[PDB]
Amino acid sequence: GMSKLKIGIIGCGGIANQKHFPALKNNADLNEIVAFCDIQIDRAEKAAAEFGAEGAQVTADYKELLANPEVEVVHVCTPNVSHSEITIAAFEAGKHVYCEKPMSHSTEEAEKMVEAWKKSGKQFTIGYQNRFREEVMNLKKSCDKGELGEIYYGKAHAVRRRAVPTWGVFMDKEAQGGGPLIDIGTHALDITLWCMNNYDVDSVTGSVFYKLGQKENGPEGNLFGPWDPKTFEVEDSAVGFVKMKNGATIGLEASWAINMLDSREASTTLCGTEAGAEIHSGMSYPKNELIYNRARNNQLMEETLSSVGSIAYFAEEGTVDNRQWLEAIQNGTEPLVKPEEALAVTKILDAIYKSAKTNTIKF
Amino acid sequence: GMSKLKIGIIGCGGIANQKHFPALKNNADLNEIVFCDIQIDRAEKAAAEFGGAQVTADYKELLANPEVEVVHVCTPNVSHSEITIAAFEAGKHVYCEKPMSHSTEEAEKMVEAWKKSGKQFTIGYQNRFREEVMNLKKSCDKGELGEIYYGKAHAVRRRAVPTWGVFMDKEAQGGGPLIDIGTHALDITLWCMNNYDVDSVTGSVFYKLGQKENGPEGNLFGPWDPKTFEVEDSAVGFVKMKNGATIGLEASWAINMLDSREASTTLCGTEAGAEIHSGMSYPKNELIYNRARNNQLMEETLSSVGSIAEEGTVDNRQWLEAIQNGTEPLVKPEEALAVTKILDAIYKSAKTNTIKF
Amino acid sequence: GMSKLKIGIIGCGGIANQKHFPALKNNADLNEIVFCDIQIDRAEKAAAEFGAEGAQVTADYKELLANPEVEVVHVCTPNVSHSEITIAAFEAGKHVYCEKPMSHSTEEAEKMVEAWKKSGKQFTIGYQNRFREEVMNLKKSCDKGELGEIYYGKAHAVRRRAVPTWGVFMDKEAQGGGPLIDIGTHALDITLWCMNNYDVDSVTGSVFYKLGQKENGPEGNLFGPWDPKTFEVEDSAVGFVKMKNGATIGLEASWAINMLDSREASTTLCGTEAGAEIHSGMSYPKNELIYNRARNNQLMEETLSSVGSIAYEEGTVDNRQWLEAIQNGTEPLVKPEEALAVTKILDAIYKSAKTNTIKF
Ligand SMILES: NC(=O)c1ccc[n+]([C@@H]2O[C@H](COP(=O)([O-])OP(=O)(O)OC[C@H]3O[C@@H](n4cnc5c(N)ncnc54)[C@H](O)[C@@H]3O)[C@@H](O)[C@H]2O)c1
Ligand SMILES: NC(=O)c1ccc[n+]([C@@H]2O[C@H](COP(=O)([O-])OP(=O)(O)OC[C@H]3O[C@@H](n4cnc5c(N)ncnc54)[C@H](O)[C@@H]3O)[C@@H](O)[C@H]2O)c1
Ligand SMILES: NC(=O)c1ccc[n+]([C@@H]2O[C@H](COP(=O)([O-])OP(=O)(O)OC[C@H]3O[C@@H](n4cnc5c(N)ncnc54)[C@H](O)[C@@H]3O)[C@@H](O)[C@H]2O)c1
């Protein structure tokens, strides 16, 4: 064995509760957390009564959770504009830090927290846990062996027909900075680049729509109940067009509300010189799908996942994301999600937003 | 009317936790348990939620327990004969698991030991009590297939080696997937045909993917150490019976076929045909009759039952009631002995020759 | 320009009018016929449709062979004559294309190879389903070892109820067997060909005479009724063929059996690295081919994609490949030695009317 890892958690809510806390508990052999911050201390204490170890810290404001020099790693499950604050310099006053999903809504703040990190000495990672799904790994591994050839056309799918989240921070334009483009669209673009392993941006064009978000009959049909139409501060959909310096191109579609039929998110579509591939996931897909396509021995074929069943008496990615995170600081290696990659992601989404000036942004 | 049978389970591992204990609890009105496993914490943990019952690590100490009236042996296959025979049939009714034993002659000793006892004996062939298997069984007993001359036994998994115990230890199991899941399919097949007159047996045993480095990739039950794969990964047989009927058999834990169909049978008759579908490629067990009717080819299948707002339990209940009321359990030991005889003859084609009966 | 090969047809029967005549007119630039059929009005009518000017129409094959103007002979008589019309004769000046099974007899077959080697001429057998695009796809992938070593295979030649009620197939005199040599030939040829294993060590089979003479057997037959009182041949058979490298091949063949899946001219292969199966027959409106393997710790399957929109066969592919190999002096795809192993094994399965495994 080897001691343990003393974890500090900042912000206890939606994805501290649905992803982060269960992830750590199912790897308790490597972690146990005292932490339990939040501006609202009511929740902070409750978590530390379920997942906090034998007598622990429970601060009401982070600045002194970071004081305790026995905590060694921090999980920033803030909202988005606090993502910079609680992380940049603040947390790396002597810690490794796991910041959540959209690294930051701003590119400058993101560039600040990568330099605060590069002097940290410690380690850093972002919550793109979808990389750890078995089929995304499968596709990533395939593109690493060049079995798709060289990818010259990619698509990032992050579409929802009417699945606007009405339960938390995602609609406060000030707390998260943007709408579905940086909510879910950041997941799909991360995989697309990661498999293509192309991060050298040249140009960016985009369009941001504000159409169903303010229509009276807008919330009609939304999965998560109605929402106040006269208070929609973000967008309902956005579409992107990014050209790389090797010539490759990526199209992006992101939305919470749009009258399209195929709700496909956390997915991508790659087109190489030897083969292609597409991943399927979202509201219209009860099971995640992976389909290669190529010409083999002069016939067009397609290779997909086979249906896995159970036996008489015998028979995930959030846990795999987190476990790999701890063993990373433990054995002293690199986590899978690299900080510079999440940086490339946010600066393009930002660039797609900044095409709110109706002009293509060259990099 | 009748007081609960007092049960002692030897072996508190996999099949004991997910088949026997829930079934015994479902039929709690006919039984109560008074626990054994050489990893004693397994026995203690089971004695905590299913049991002031005995909790030992020596099986010999449990058959000494005079309060035990029925013993269930759910330890690996090699162990089956020692625990069951000259030991358990010391005034104890015995329910022995799935693979009677690995050897035709430890099995022949077990039967002999059972008949001396004057007690009750049966084997864990719970797949018989699936309603569609019962369905097929009733239809050939009625002869609605005619004479059955071709029967297929399906016991194939594409990639599902059991990795939670000792299934890959020839010293403790005696064999691989041939006697692990091929016994279920052969049991059903011969039981429906009511034929046990073996003429000849030709078989093959494959060692290909168990030790392959890439073998464990895609396994339902996590990876397996290729170094310590001491038994086969597939085997097929060809059995001829004296009435002219022929039985094909396919068994495997790992093989690159597409159709994972296990605990299933296919029967071609002179008047009609039928086939059972079950396994990892089937989210629902299926039963399909086929025949010509009014000069047109037809097929009869189970209709989709839904809602409005299992077989182990059925098997366990009829077992305890056979003991209580002094009747016959459904799976006769003679039937399970013919099966392992045929399975050992399939193996015994390590001599590259058709064993003849 | 290469001078057209002068073809002589022996047996102007059903296979000539469905396979050989339209193929030879589809490659009419490489050939021209110059027709023998004991039922002389068949040859005379065949010559009026596909013949070339003064064509030789006679009823004795030994006369056609004495035509100096013929150099390639297709033998499309029944199996009982597949040999003598091909051995001694035919291999007495000419190249010969003998039809589907080489012979019902094993030794009849081993002697037409000897007459072909002592000939210096070309020789191929009408196993034309090797030329279906999906069958070569599989053939190409195993040649490249992409399945690994194939240690277990299955040959599928099953029909639920499709006893051929026309032609010659029900006449045991002219064929020597039923579905085991009518369609089990095709299935086993493909299976051996992809495994590339023609080294037998054991054959165990069983032959069933059940629905064929049963009164209600003909009920629901796809081609119509047949009289069970005259039925001379089996309705199904199953075999268990072991090879020397250790591999195993099960085989299923039938015109009539009470199973659900009518799969014929198909194969299934399980290799050390991957597997594959082909689907063809009367339960398959379009041929299928499915590779199966593990790719990055996940089970996957690779199948042909649906082609459509049309615009804006294996019979003639087999024939051109055959004609060309003669002009260029190449060798045809179907090797005579391969076809010999096929009806050896099939004979060894039949030859379990001894209820004994016949070792090799
Ligand atoms: N699939 C994913 O990985 C995923 C999903 C949803 C959200 N996220 C990301 O995770 C973060 C938000 O997730 P959420 O849905 O749980 O939001 P949330 O509002 O439900 O949880 C955040 C909590 O932190 C508290 N908070 C606000 N400011 C704080 C501060 N300075 N210090 C301490 N606590 C503060 C709030 O009270 C709130 O309860 C964001 O960075 C978001 O973009 C990721
Ligand atoms: N669908 C079915 O019917 C089904 C399923 C699984 C297993 N089985 C059969 O049931 C048997 C047990 O297999 P399993 O799945 O439970 O794997 P398992 O290894 O988990 O169960 C065996 C347990 O018995 C214990 N054991 C070994 N030797 C012992 C001894 N002398 N005394 C006491 N305990 C001993 C082991 O510690 C183990 O916990 C096997 O013979 C197997 O073939 C049947
Ligand atoms: N898919 C295939 O490759 C396929 C299909 C059917 C038949 N075949 C093969 O082709 C042969 C049978 O052909 P068929 O189905 O057209 O039978 P068929 O009865 O329709 O035609 C055979 C003709 O040969 C003639 N014949 C018989 N003996 C002769 C002799 N000594 N001399 C000259 N002519 C003679 C007969 O007159 C008859 O017209 C067999 O070798 C059979 O196995 C192959």
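Position numbers follow the written sequence of each chain, starting from 1, instead of the entry's numbering, which may differ; residues with no coordinates are not represented. All chains are assigned letters beginning at A, and all ligands numbers beginning at 1, according to the order in which they are written. What you see is a piece of a larger assembly; the numbers all apply to this piece alone. Water and hydrogen atoms were dropped before computing side-chain values, which therefore reflect all heavy atoms in the structure. Residues with missing side-chain atoms are left out of burial classes, side-chain pairs and their counts.

**Student:** Would you take a moment to explain the overall build of chain A for this structure?
**Tutor:** Helix and strand assignments come from DSSP, with helices taken as H or I runs of at least 4 residues and strands as E runs of at least 2, each series counted from the N terminus. The number of helices and strands found in chain A is 10 helices and 14 strands. The globule rule used here is 2.2 Å times the number of residues to the 0.38 power, and the radius of gyration it is set against is calculated over C-alpha atoms. In terms of overall dimensions, chain A is globule-like: its C-alpha atoms have a radius of gyration of 21 Å, near the 21 Å expected for 363 residues. Across its three principal axes, chain A shows a C-alpha extent of roughly 65 × 50 × 50 Å.

**Student:** Before we go on, may I ask you to explain the pairing of strand β11 (residues 276-282) of chain A in this structure?
**Tutor:** Residues and elements named next belong to chain A. Using a 1.4 Å probe on the protein chains alone, a residue whose accessible area is under 20% of its type maximum counts as buried, one over 50% counts as exposed, and one in between counts as partly exposed. In terms of burial, β11 is a largely internal element, six of the seven residues being buried. Strand pairing requires that DSSP identify at least two bridges connecting the strands. Of the pairings in the sheet, the one linking strand β10 (residues 267-271) to β11 comprises three bridges and is antiparallel in character. Pairing of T269 across the sheet is with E278, part of β11. Counted between consecutive antiparallel strands, the loop separating β10 from β11 contains four residues. Bridge count between β11 and strand β12 (residues 285-296): six bridges; the pairing is antiparallel. The residue of β12 that forms the bridge with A277 is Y292. Adjacent in sequence and paired antiparallel, β11 and β12 are bridged by two residues.

**Student:** Would you explain the domain arrangement of chain B in this entry?
**Tutor:** Where the parts come together, the accessible area they lose is often given as the size of the interface. All names here are of chain B. Split by domain assignment, chain B resolves into domain 1 (6-127 + 314-335) and domain 2 (129-313 + 338-357). Either an automatic procedure or a domain database provided the assignment from which the domain bounds are taken. The C-alpha centroid of domain 2 is placed 25 Å from the C-alpha centroid of domain 1. The contact definition used throughout considers only heavy atoms, calling two residues in contact when any of these lie within 4.5 Å. Counting residues at the interface gives 28 residues for domain 1 and 29 residues for domain 2. Once two parts are put together, the accessible area they lose, assessed with a 1.4 Å probe and summed over both, is termed the buried area. For the pair domain 1 and domain 2, the summed buried surface comes to about 2500 Å²; carbon and sulfur atoms form 54% of the total. On the domain 1 side of the contact with domain 2, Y125, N127 and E335 bury the most area, a combined 30% of that side's loss. Salt bridges are defined as contacts in which a side-chain nitrogen from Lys or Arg sits within 4 Å of a carboxyl oxygen from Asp or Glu. Put simply, domain 1 and domain 2 have one salt bridge between them. Polar contacts here mean pairs of N or O atoms no more than 3.5 Å apart (in protein, one a potential hydrogen donor and the other a potential acceptor; neighbouring residues in sequence count only if both atoms are side-chain atoms). Joining domain 1 to domain 2, the criterion identifies 21 residue pairs in polar contact. At the level of elements, α1 (14-26), α5 (104-117), α10 (311-325) and α11 (333-347) are the ones that each hand at least two residues to the side of domain 1 that touches domain 2. Amino acids are sorted into nonpolar (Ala, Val, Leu, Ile, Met, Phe, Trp, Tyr, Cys and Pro), charged (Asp, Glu, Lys and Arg) and polar (every other residue, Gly among them). Along the lines of polarity and charge, the residues of the side of domain 1 that touches domain 2 split into nine nonpolar, 13 polar and six charged.

**Student:** Can you help me understand the pattern of salt bridges in this one?
**Tutor:** Where charged atoms of side chains with opposite charge meet at close range, the side chains can pair. In the structure shown here, the tally under the stated rule is 56 salt bridges over all chains. In this structure, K4 of chain A engages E32 of chain A in a salt bridge whose closest nitrogen and oxygen atoms are separated by 3.3 Å. Taken together, the residues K4 of chain A in the segment before β1 (6-10) and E32 of chain A in strand β2 (residues 32-33) connect sequence positions 28 residues apart. What makes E32 of chain A partly exposed here is its relative accessible area of 34%. The shortest N-O distance in the salt bridge between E321 of chain B and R317 of chain B comes to 3.3 Å. Remark: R317 of chain B and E321 of chain B occur in helix α10; sequence separation between them is four residues, near one turn of the helix. A relative accessible area of 28% means that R317 of chain B is categorised as partly exposed. Each member of the salt-bridge network shares a partner with another, and the members are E147 and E303 of chain A together with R293 and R295 of chain C.

**Student:** Help me out: how do you make sense of unusual backbone geometry in this one?
**Tutor:** With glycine set apart, most residues show a phi of negative sign, and most peptide bonds adopt trans. If you check the backbone angles, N295 of chain B has positive phi at about 65 degrees while not being a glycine. Inspection of the secondary structure puts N295 of chain B in the loop between β12 (282-293) and β13 (296-301).

**Student:** Looking at this structure, I do not really get the site of ligand 3. What am I missing?
**Tutor:** All names here are of chain C. Close to ligand 3 lie 23 residues, the nearest being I15, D37, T77, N79 and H82. Within the backbone of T77, an N or O atom sits 3.4 Å from an oxygen atom of ligand 3. One nitrogen or oxygen atom from the side chain of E99 is found 3.3 Å from an oxygen atom belonging to ligand 3. Only the protein chains shown count as cover for residues, with accessible areas throughout obtained via the Shrake-Rupley method and a probe of 1.4 Å. Relative to its unbound accessible surface of 860 Å², ligand 3 loses 84% to contact with the protein. In terms of residue count, the dominant contributor to the shell around ligand 3 is helix α1 (residues 14-26) (three residues). Of the residues contributing to the shell around ligand 3, the split by class is seven nonpolar, 11 polar and five charged. Both domain 1 (6-129 + 316-338) and domain 2 (131-315 + 342-360) contribute no fewer than three residues apiece to the shell around ligand 3. Residues are labelled near a given molecule or strand when at least one of their non-hydrogen atoms is within 4 Å of it.

**Student:** How should helix α10 (residues 336-350) of chain C be read in this particular structure?
**Tutor:** Spacing of three or four residues puts side chains on the same side of an α-helix, whose turn is 3.6 residues. Its 15 residues give α10 of chain C an end-to-end C-alpha distance of 21 Å, which sits within 8% of 21 Å, the value for a rise of 1.5 Å per residue. With 13 of its 15 residues buried, α10 of chain C lies for the most part within the structure. In this analysis, the expected span of each helix is defined as 1.5 Å times one less than the number of residues it contains.

**Student:** Would you explain the sheet that holds β2 of chain A in this entry?
**Tutor:** Pairing between the strands of a sheet is mediated by backbone hydrogen bonds and can be parallel or antiparallel. Residues and elements named next belong to chain A. Taken in spatial order, the five strands make up an open sheet running β2-β1-β3-β4-β5, and their pairing is parallel. Every other strand in the sheet has two partners, leaving β2 and β5 (124-126) as the edge strands with one partner each. Judged from the four bridges that link them, strand β3 (residues 73-76) and strand β4 (residues 96-99) form a sheet pairing that is parallel. Residue pairing across strands places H75 opposite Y98, the latter belonging to β4. Convention adopted: a line fitted to C-alpha atoms gives each axis, helices being fitted over their contacting stretch, and angles between N-to-C directions are expressed from 0 to 180 degrees. Those strands touched by helix α1 (residues 14-25) are β1, β2, β3 and β4, and its axis lies near 170 degrees from that of β1.

**Student:** Explain the domain arrangement of chain A to me, please; I cannot follow it from the model alone.
**Tutor:** Residue and element names in this part refer to chain A. Partitioning chain A into domains gives domain 1 (6-130 + 320-341) and domain 2 (132-319 + 344-363). Domain 1 and domain 2 are separated by 26 Å when their C-alpha centres are compared. Taken together, the two surfaces of domain 1 and domain 2 that pack against each other cover about 2400 Å², and 54% of this comes from carbon and sulfur. Contact with domain 2 buries surface across domain 1, with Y128, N130 and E341 losing the most and accounting together for 31% of the total. Where domain 1 packs against domain 2, one counts one salt bridge. Inspection of the region where domain 1 meets domain 2 yields 21 residue pairs in polar contact.

**Student:** Explain the site of ligand 1 to me, please; I cannot follow it from the model alone.
**Tutor:** Residue and element names in this part refer to chain A. Neighbouring ligand 1 are 23 residues; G14, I15, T78, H83 and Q176 lie closest to it. With respect to ligand 1, the side chain of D38 contributes an N or O atom lying 3.1 Å from an oxygen atom. Across the complex, the protein chains shield 83% of the 860 Å² of accessible surface that ligand 1 would expose by itself. Listed by contribution, the elements that provide at least two residues to the shell around ligand 1 are α1 and α3 (82-87). Composition of the shell around ligand 1 by domain shows at least three residues from each of domain 1 (6-130 + 320-341) and domain 2 (132-319 + 344-363).

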